[PDB]
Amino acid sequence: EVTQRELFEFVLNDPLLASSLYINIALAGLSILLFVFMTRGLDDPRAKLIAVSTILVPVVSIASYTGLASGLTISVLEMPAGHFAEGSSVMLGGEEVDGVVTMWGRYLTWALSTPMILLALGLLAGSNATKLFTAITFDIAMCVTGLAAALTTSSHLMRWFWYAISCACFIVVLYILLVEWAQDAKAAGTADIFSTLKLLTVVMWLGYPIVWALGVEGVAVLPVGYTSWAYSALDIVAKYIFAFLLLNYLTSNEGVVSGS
């Protein structure tokens, strides 16, 4: 029975792990302060909705990363027969424990933050309610089935079946970003900025399922420490710089996005 304290201490004493986590807690906090400063001039309710949705991204990130750092949202799971990480062991407390240190808490970071990123993008693109609803519901389904895949230890094949379902949901979100909102942004007069944020988002988001496949959750070419840093690097771009670019535009183009 691994304790929360043992996982908290495990993160510590492990350079790659501890740094990938605490650096994001710090960047998330600094991002929030910066973004609040940047948007104090906004008055339009719609511009402010986009701003708050955007600021909620680093808010969810600081809370969720603290969930990981504290050990609260970390568990030790034993992979099923055939899985590349099956047979692995980790030193926890004063004994060797079978399994993999599983940072399932990252899925909470994703399920709560990705909907805010999508809401901000859709509002920016002048999306109607149907498309926002579709993008957000399928995005949440993608995140939850991804968590289910990571939490499945009964069967190797089942883990990848979950992965396939999640990818299917991801395709829906990608279609809306690349095809529908890309067109809607033209009518909203935000075609240029949306194009930039869209490219950034699509490229970075595609990185997550790749890291999943290569990291300990997948074929394990990337160890627990590198897997964590891979995800943390993606978050810095998909969340913090994405948010800065969006807000930097918003604070200089409040008139453009003002509306009902």
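Here the rigid core means the biggest group of C-alpha atoms that line up within 1.5 Å when the two forms are laid on top of each other. One-based numbering along the sequence shown.
Relative to the shown model and aligned on the rigid core, the C-alphas in 8 other deposited structures of this protein deviate most, among 168-176 and 90-98, for 90-98.
Remark: when the other structures in 8 other deposited structures of this protein are fitted onto this one via the rigid core, 106-114 deviates more than the alternative among 120-128 and 106-114, judged by RMS CA distance. Averaged over their C-alpha atoms, the temperature factors of 87-95 and 173-181 are higher for 87-95. Relative to its counterpart among 39-47 and 195-203, 39-47 has the higher mean temperature factor, C-alpha atoms as listed in the PDB entry. The top Cα temperature factor in the record, among 62, 56, 216, 30, falls on 30. In the deposited entry, the Cα temperature factor of residue 226 sits in the top third of values across the chain's modelled residues.
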